[PDB]
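Protein chains in written order, with PDB author numbering: chain a, 13 to 245, 266 to 333, 340 to 528; chain Z, 453 to 524; chain Q, 29 to 246, 262 to 526; chain g, 17 to 241, 274 to 525. Contents: one structure, followed by commentary.
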Amino acid sequence: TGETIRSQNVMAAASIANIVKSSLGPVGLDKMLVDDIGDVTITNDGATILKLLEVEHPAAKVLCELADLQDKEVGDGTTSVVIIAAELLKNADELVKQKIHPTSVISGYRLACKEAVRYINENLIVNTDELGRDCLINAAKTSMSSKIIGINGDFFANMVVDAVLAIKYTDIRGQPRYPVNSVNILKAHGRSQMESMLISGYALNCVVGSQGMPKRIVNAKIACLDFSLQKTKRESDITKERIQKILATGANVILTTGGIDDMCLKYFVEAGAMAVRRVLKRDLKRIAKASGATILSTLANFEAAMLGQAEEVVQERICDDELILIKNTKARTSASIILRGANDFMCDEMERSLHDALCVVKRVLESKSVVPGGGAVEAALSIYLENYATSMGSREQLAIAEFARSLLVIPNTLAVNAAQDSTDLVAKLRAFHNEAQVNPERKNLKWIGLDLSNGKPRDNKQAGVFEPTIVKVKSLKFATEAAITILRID
Amino acid sequence: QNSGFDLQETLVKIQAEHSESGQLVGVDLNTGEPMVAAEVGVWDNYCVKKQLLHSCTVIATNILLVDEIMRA
Amino acid sequence: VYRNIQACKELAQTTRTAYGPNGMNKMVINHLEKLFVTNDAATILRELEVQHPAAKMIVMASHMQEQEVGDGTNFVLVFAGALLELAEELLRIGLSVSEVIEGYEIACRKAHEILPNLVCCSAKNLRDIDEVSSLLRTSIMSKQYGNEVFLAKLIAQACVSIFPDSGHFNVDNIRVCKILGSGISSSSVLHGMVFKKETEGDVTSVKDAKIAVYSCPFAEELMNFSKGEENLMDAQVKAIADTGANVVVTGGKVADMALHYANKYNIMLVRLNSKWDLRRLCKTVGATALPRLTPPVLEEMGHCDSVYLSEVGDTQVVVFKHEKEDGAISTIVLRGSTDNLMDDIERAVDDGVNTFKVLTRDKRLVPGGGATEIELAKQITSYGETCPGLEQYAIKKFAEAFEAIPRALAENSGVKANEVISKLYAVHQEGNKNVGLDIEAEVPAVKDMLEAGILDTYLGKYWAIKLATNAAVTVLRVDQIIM
Amino acid sequence: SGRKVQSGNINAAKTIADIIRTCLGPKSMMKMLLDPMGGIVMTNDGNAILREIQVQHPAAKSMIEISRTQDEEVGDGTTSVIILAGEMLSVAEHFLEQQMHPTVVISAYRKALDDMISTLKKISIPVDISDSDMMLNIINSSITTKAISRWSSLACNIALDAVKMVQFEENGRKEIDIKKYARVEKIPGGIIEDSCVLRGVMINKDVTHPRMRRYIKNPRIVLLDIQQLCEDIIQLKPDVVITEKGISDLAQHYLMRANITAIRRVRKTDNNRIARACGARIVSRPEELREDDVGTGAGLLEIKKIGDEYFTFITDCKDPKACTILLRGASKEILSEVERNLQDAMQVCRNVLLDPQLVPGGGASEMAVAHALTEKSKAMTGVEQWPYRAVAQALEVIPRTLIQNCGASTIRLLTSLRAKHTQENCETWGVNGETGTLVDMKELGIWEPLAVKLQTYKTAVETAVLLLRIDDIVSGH
Ligand SMILES: Nc1ncnc2c1ncn2[C@@H]1O[C@H](COP(=O)(O)OP(=O)(O)O)[C@@H](O)[C@H]1O
Ligand SMILES: Nc1ncnc2c1ncn2[C@@H]1O[C@H](COP(=O)(O)OP(=O)(O)O)[C@@H](O)[C@H]1O
Ligand SMILES: Nc1ncnc2c1ncn2[C@@H]1O[C@H](COP(=O)(O)OP(=O)(O)O)[C@@H](O)[C@H]1O
């Protein structure tokens with residue numbers, strides 16, 4: 013038996029959401045995806061789960077398409093948007109069952125979405141200014157928590173935030189922009205990480221180039237190349273004439289990725305050029321875009343003012359390892375972090391934590407408008423929208439009420455995946471957010487979210503759990519659009 | 453077996469003990485070890501053992517001697 | 029043998045939820061099809077006809093526990109069920125039945141001597157009504173709702189503190205009379221057996237009287268027959284009026300001419316005699332039943348002290364007070380909207396009286412509410428590794444069998460059992476014996492159970508442990524029977 | 017659905033584990049495998065059973081693949097990881113049905129793994145490399161109870177040279193080693209005593225007409241994959289240049305004009321070892337032709353027609369990392385076992401170079417770490433102490449199965465073995481696998497490398513947490 017195909021679509025959507033429900037959050041469980049030929053796949057994020065799940069129901073295909081489209085906008089919240097859409101579908105189906113026509117439900121959902129996006133815009137945070145120091149620090153620590161390095165967390169936090177702030181660009185529109193690839197890793201042997209000091213420029217741990225670099229040279233021009241300066245048998269043997277010509281053009285520090293010159297020592301005390309093997313392309317491109325120079329495949333010909347410049351070069355030993363201090367170039371791209379220790383393998387979690395801290399910092403640096411995470415915003419809008427709906431009086435009152443009630447699934451799912459009873463966490467969140475509006479003096483309480491590590495409510499503006507406003511706005515809009523499209527079906 | 457010990461190991465130990473020493477050694481139902489059964493004081497009735505032999509032999513012989521069960 | 033363990037497991041599971049002050053009361057349908065709702069474990073055990081012999085044996089053990097301690101049966105069932113579950117696990121490991129038998133026996137022996145080191149005894153004596161108040165609160169609060177304990181306990185202990193003489197008590201002295209009507213507030217403590225009568229021609233000032241006991245309740264020719272019947276009943280009432288009798292009882296209804304005849308000789312026609320009253324009355328007055336109206340004599344008569352009608356409680360009730368002992372019997376008037384919620388108060392009062400009697404037998408108290416069980420479990424499981432051999436497994440399972448009690452008590456209050464038991468075990472090694480499981484808080488929190496005053500008797504748990512271990516051992520000693 | 021899928025995962029893991037749970041120890045039982053035609057084969061190596069068996073559960077396939085990738089990486093111990101993972105997943109049942117989330121169980125498993133690693137590092141007895149007597153003792157501990165018991169004497173010295181002839185100076189001082197660069201030379205025929213070891217890469221191929229200047233006192237091999277290139281080779285004038293194309297008589301004349309010796313039809317498994325041993329380089333682009341074309345190579349070449357067949361001898365190589373190890377005998381039925389057991393010996397030596405230590409065998413290490421974990425669980429509190437104790441109580445399968453497939457009763461022997469670890473401090477006793485009785489393993493003489501034990505425990509814990517992390521199998525069925 014079967015009837016009301018609308019309910020069938022809603023149930024298909026509910027099943028699709030339940031497939032991915034348990035993976036929401038950083039602590040989500042994995043899914044093992046089996047294809048027809050028997051291969052398996054393990055992943056945490058549900059975006060690739062939707063991209064890999066074999067959907068067959070026409071109704072669920074719409075949710076898959078909308079989630080994929082959401083991925084193309086900002087690349088986050090696909091699990092959240094699918095879950096929110098499914099909750100909306102269930103609640104709208106119940107409203108239909110209680111003799112409310114879907115048209116009024118759709119209108120109420122549209123009004124609720126507009127009211128939510130208007131309410132959020134006046135209760136977000138733009139404090140990611142120059143005065144935001146501790147927030148970034150403990151955001152990095154939260155992204156780096158549950159680790160043995162918590163004893164000396166503050167030093168690594170302020171080091172990484174100084175490194176990320178000191179290297180910012182300024183694009184055409186004036187909005188600051190950050191490349192993650194700008195900063196790289198650099199291992200060291202000996203003492204542990206507590207003595208690691210940030211390097212103002214790119215540093216390569218390899219053979220020593222030359223001692224001809226002074227304490228600080230007035231001009232250090234990056235004449236990067238890609239060939240090996242080797243004697244063979266505008267020159268047939270590329271050792272002297274080309275380097276002489278490039279120095280005549282004004283090349284101070286000629287970079288050689290390949291082998292060093294046999295007689296480079298005499299030429300490096302009068303010109304001060306560079307010769308170190310195995311220059312990484314990932315760092316070569318970054319230093320080229322930093323100083324402003326470009327890689328020259330050939331020199332037999340632009341070369342005087344096009345090459346980049348560096349303010350000073352320092353020759354010193356760091357953690358019993360010689361490093362090249364090509365720093366303070368034209369554009370801030372050249373920087374590195376020394377990893378004091380013994381090897382990169384024993385500090386793999388340390389470098390991964392540094393990388394994820396850099397990522398979570400660059401998420402909030404761009405899109406200066408930011409909102410608290412950990413389900414805080416969902417609870418706040420859930421409190422807002424019930425009071426908004428009770429003042430309508432039309433037939434859309436129940437639609438907006440159910441929208442508000444279903445908007446709480448995200449904190450509930452986060453609590454469920456966090457191994458705490460979602461009832462208590464959600465109730466505590468709602469209770470804290472209630473006095474955030476009925477009590478004007480307790481206004482500094484909206485930024486209360488749930489902490490996944492301890493399973494207790496906790497302020498996240500001070501903690502640093504943050505999200506771009508655009509991500510949540512687009513997620514809400516797309517969930518509402520998908521819900522409306524499904525409800526229009528009959 | 454009823455005390456949870458190995459059925460054959462205990463019997464092997466008891467047989468070895470009785471073979472090497474003429475004492476009538478028996479099983480100890482707290483450690484699964486050959487026990488002298490005289491100092492411990494676990495004596496059994498003589499007439500009971502005699503009647504046991506007499507009963508078992510006659511019943512076994514009578515059952516072994518039957519054939520062609522018939523529905524009277 | 030696993031079938032017996034299974035039957036015992038379901039038996040324990042059936043009544044496990046009723047443990048503690050948050051018992052999930054069940055609906056009971058007796059053979060006469062009465063809609064009956066209660067939370068008492070003994071009542072549901074009585075109505076359930078346990079068919080499996082192992083369940084029958086555990087039920088007999090519980091009955092023996094109730095027969096001489098008066099309370100704690102549900103503890104016995106839960107503990108025996110836990111013991112049998114852990115014994116099943118041990119058997120599946122590979123242990124022989126005998127090994128776990130002596131392991132359980134030695135564990136029980138050790139527990140019996142560990143227990144008396146957990147005593148916070150009674151203050152001074154059975155007197156000081158306000159003290160035996162705090163002593164009697166725990167059992168009443170456990171059986172019936174925790175809300176009404178403050179009054180029910182006071183009522184139940186004021187009546188029992190009347191006669192703490194010579195250190196001898198009898199539960200049958202503390203009787204309970206069922207009076208329908210208003211709420212429990214109007215309930216109070218009276219003295220002497222009490223029930224309701226019909227007639228009003230009664231005298232209050234009565235000395236030692238002569239009490240009747242009944243074992244069986246009640262053209263011209265028509266006028267002649269009526270006159271003959273009238274004269275015959277005249278002869279019957281004159282015979283009952285012989286030897287100067289003043290009261291008459293009957294299990295039937297009243298009669299207009301009969302009440303006229305009783306009033307003529309100033310006889311109180313006591314009626315509404317219950318089928319539960321005929322022989323308890325004889326026991327309390329030393330009388331005997333009479334078949335008909337012809338064989339009353341001076342010898343075959345009862346003797347009371349004072350008979351009158353008291354309108355206290357907004358109802359007319361007759362009272363026989365100041366009997367041969369002059370202070371032996373002491374009833375309690377109960378008031379409730381309906382009977383199904385009145386018998387719950389009755390059985391709670393019975394359990395309170397039994398606990399008071401146990402206190403009379405011994406003044407030792409032990410911190411309840413999961414305190415003593417977890418302490419015993421910790422002590423025994425610490426003693427387990429001090430004993431090399433195959434009995435350590437049984438000893439540790441016995442410690443877990445203790446552990447199973449606060450777990451059930453927590454589950455009955457909607458709290459995660461694992462979290463609360465872990466917290467209790469952790470805090471019980473420093474925040475020692477007197478700490479237990481708090482009920483009011485929905486968070487899995489703990490609280491000391493000495494300032495809270497929730498304590499239960501020592502002999503109660505001693506006998507409960509002994510009987511439960513004996514039941515578990517004696518049900519583990521069977522192997523099979525075809526059925 | 018929900019937790020039932022995880023229960024099914026761990027049930028499949030448990031059954032695939034207890035298929036071969038009896039096939040370990042010196043007294044392994046023999047499984048029978050029958051193909052769907054009537055043939056019957058009996059085996060004592062769990063890898064074979066897991067190979068020819070067919071499993072319909074993806075979790076079982078994942079565990080089988082884990083056992084596989086653990087086999088090539090370290091060699092033996094393939095059944096121990098399977099048993100340990102199966103038991104840990106089986107003991108996770110009790111907590112999963114108690115409605116506790118898999119996250120806390122996984123976290124408790126991770127702390128337990130850390131504690132076991134610490135305990136193994138603590139209990140390990142130091143061993144110094146290059147000592148031949150205790151090296152032979154290790155060979156008797158591990159390479160024995162196999163088909164090499166009467167042929168282990170030659171395997172001892174073969175491994176003794178092999179561990180010294182694949183040394184790698186990559187990240188530190190000699191601690192890096194590999195197994196697939198040693199130039200194995202397996203040739204059946206003759207008496208087994210002809211096998212030996214030589215320093216330098218060994219090449220089965222040679223020129224068709226060796227009537228030329230083939231062996232020179234300084235072979236500087238140049239790799240290549274044309275007359276113009278023939279003259280361009282003279283840019284540094286090497287003595288040997290190795291290619292992978294055929295050489296003709298006119299080509300040979302060109303070669304002695306160029307004073308180089310080319311080779312043909314050489315497998316890449318030979319060319320890579322040649323390059324590693326001699327440090328050769330490949331270059332053909334005229335722009336790339338620089339001073340870095342020809343690298344210093346070997347220092348001696350020899351021509352030998354060993355076994356009336358054309359061969360090439362390359363000794364005194366620049367890098368003594370791919371040297372010549374020669375295998376001789378009647379058939380290959382044992383020499384492959386010799387190869388895998390000398391691989392185990394090389395792992396012994398490499399871990400001694402990393403951690404110079406050994407651990408007691410016969411379940412002594414398992415019981416010791418179980419006691420350490422159980423005593424450590426007393427102090428630590430929290431809801432997660434139950435899995436922390438359960439892993440310790442479940443890791444004791446190895447002594448349990450050792451006693452089981454020996455005749456002796458498991459329960460009493462295990463109880464006595466525990467009793468000999470808790471009231472005694474520095475004992476670390478174990479169970480004898482032959483007699484099924486308790487014996488001090490430092491007297492019996494059974495030891496295992498730290499590398500294999502650490503790898504087994506880590507892989508078992510990782511497999512357990514992986515199969516507990518898998519929440520759904522929904523991409524189809
Ligand atoms: N550090 C954190 N603390 C609390 N919540 C977090 C944290 N990181 C991510 N989340 C939560 O995870 C949810 C979805 O994140 P994610 O799974 O990365 O995106 P997607 O679902 O698109 O893959 C967000 O709603 C956010 O609240
Ligand atoms: N406030 C309380 N908190 C925890 N436990 C309590 C409380 N009050 C009573 N109890 C427990 O109730 C138990 C006995 O009650 P119950 O099992 O219902 O009936 P019985 O008295 O027949 O065993 C005692 O073990 C006591 O510890
Ligand atoms: N003679 C022996 N006595 C006791 N234990 C042994 C003996 N030989 C091997 N073992 C045990 O066998 C284990 C490894 O062998 P086994 O489990 O059979 O195969 P695998 O090496 O694949 O695990 C070791 O842990 C070792 O303790």
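Positions of the beta carbon are idealized from the N, C-alpha and C atoms, including for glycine.
Flag this pair as touching only if the segment 230–246 of chain Q and the segment 373–381 of chain Q have three or more C-beta atom pairs under 8 Å; answer yes or no.
No contact exists between the segment 230–246 of chain Q and the segment 373–381 of chain Q.
Can you look up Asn472/a in the DSSP assignment and give me helix, strand or coil?
For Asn472/a, the three-state secondary structure derived from DSSP is helix.
Give me the subset of the segment 115–140 of chain g whose CB atoms are less than 9 Å from a CB atom of chain a, sorted by chain position.
Flagged, chain order: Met116, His117, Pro118, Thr119 and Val120.
At the 7 Å Cβ level, is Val431/g part of the contact set with chain Q, yes or no?
With 7 Å as the cut-off, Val431/g counts as an interface residue toward chain Q.
Please indicate yes or no: does the CB of residue 249/Q lie closer than 6 Å to some heavy atom of ligand 2?
Placed between 246 and 262 in the numbering, residue 249/Q has no coordinates, as chain Q goes from one to the other without interruption by modelled residues.
Close beta carbons around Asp403/g, own chain, < 8 Å, minus the five adjacent residues each side
Cβ within range, chain order: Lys137, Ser140, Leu498 and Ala499.
Would you say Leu446/a touches ligand 1, meaning its beta carbon is less than 6 Å from a heavy atom?
No, the beta carbon of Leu446/a sits no closer than 6 Å to any heavy atom of ligand 1.
Suppose you measure from the CA of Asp348/Q to the CA of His365/Q; what does that come to, to the nearest Å?
Going from the Cα of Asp348/Q to the Cα of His365/Q covers about 6 Å.
List the residues of chain Z whose Cβ lies closer than 8 Å to the Cβ of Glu127/Q, in chain order.
Around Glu127/Q, the beta-carbon contacts reaching into chain Z at under 8 Å are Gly456.
Would you give the residue range spanned by the beta strand (DSSP E) that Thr360/g belongs to?
Counting along the chain, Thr360/g sits inside the beta strand (DSSP E) bounded by residues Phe359 to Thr363.
Any heavy atom of ligand 2 within a distance shorter than 6 Å of the CB on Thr415/Q?
No, ligand 2 has no heavy atom inside 6 Å of this Cβ.
Please state the DSSP three-state secondary structure of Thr293/Q.
Three-state result, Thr293/Q: coil.
Starting from the C-beta of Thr485/g, find all residues in its chain whose C-beta is less than 8 Å away, skip the five residues before and the five after it, and write them out in chain order.
The beta carbon of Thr485/g sits closer than 8 Å to the beta carbons of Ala456, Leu461 and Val479 from its chain, once the five residues preceding and following it are set aside; these are given in chain order.
Determine, using beta carbons only, whether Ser523/g comes closer than 7 Å to chain a.
Yes, its Cβ sits closer than 7 Å to a Cβ of chain a.
Give a yes or no on whether 7 Å exceeds the smallest Cβ distance from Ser465/Q to chain g.
So yes, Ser465/Q belongs to the interface.
Quick check: does the Cβ of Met169/Q come within less than 6 Å of any heavy atom belonging to ligand 2?
The answer is yes for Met169/Q.
Check whether chain g comes within 7 Å of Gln20/a, counting only Cβ atoms and requiring the distance to be less than that.
Answer no: the Cβ-Cβ gap between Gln20/a and chain g never drops below 7 Å.
In its own chain, which residues sit with a C-beta less than 7 Å from the C-beta of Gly427/Q, not counting the 5 before and 5 after it?
Within the same chain, Cβ atoms closer than 7 Å to the Cβ of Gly427/Q are found at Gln435, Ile438, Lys439 and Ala442, the five residues on either side in sequence being excluded.
Nearest chain a C-beta to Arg166/g closer than 7 Å, yes or no?
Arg166/g does not count as touching chain a.
Report the residue ranges of all alpha helix (DSSP H) runs contained in full by the segment 143–226 of chain Q; include only those spanning at least 4 residues, in chain order.
157–171 and 177–188, all fully within the segment 143–226 of chain Q.
Going by beta-carbon coordinates alone, are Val39/a and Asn492/a separated by less than 7 Å?
No. Outside cutoff.
Let's test the definition: count the other Cβ atoms within 10 Å of the Cβ of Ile322/g and tell me whether it reaches 16, buried, or not, exposed.
Around the beta carbon of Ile322/g, a 10 Å sphere encloses 16 or more other beta carbons of the protein chains shown; the residue is thus reported as buried.
I want to verify the contact list: residues of chain g whose CB lies under 8 Å from the CB of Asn461/Q, in sequence order.
Result: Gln114, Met116, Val431 and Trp434.
Do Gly395/Q and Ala184/Q have their C-beta atoms closer together than 7 Å?
Yes. Within cutoff.
Beta-carbon proximity list for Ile421/a, same chain, < 7 Å, skipping 5 on both sides:
Within the same chain, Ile421/a has close Cβ partners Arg468, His471, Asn472 and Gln475.
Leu170/g versus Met218/g: straight-line alpha-carbon distance, rounded:
Near 20 Å, if we compare the C-alpha coordinates of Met218/g and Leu170/g.
Comparing the CB of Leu40/g with every heavy atom of ligand 3, is any distance shorter than 6 Å?
Yes - ligand 3 has a heavy atom lying nearer than 6 Å to the Cβ of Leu40/g.
Any residues in the segment 100–134 of chain Q with a beta carbon nearer than 8 Å to a beta carbon of chain Z? Which ones, in chain order?
Within the segment 100–134 of chain Q, the residues whose Cβ lies closer than 8 Å to any Cβ of chain Z are, in chain order, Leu123, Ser124, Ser126 and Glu127.
Chain g residues whose Cβ lies nearer than 7 Å to that of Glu446/Q:
Those within 7 Å of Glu446/Q in chain g number zero; the least Cβ separation is about 12 Å.
Using a Cβ cut-off of 8 Å, which residues of the segment 466–482 of chain a contact any Cβ in chain g, in chain order?
So the list is empty, because no residue satisfies the distance condition.
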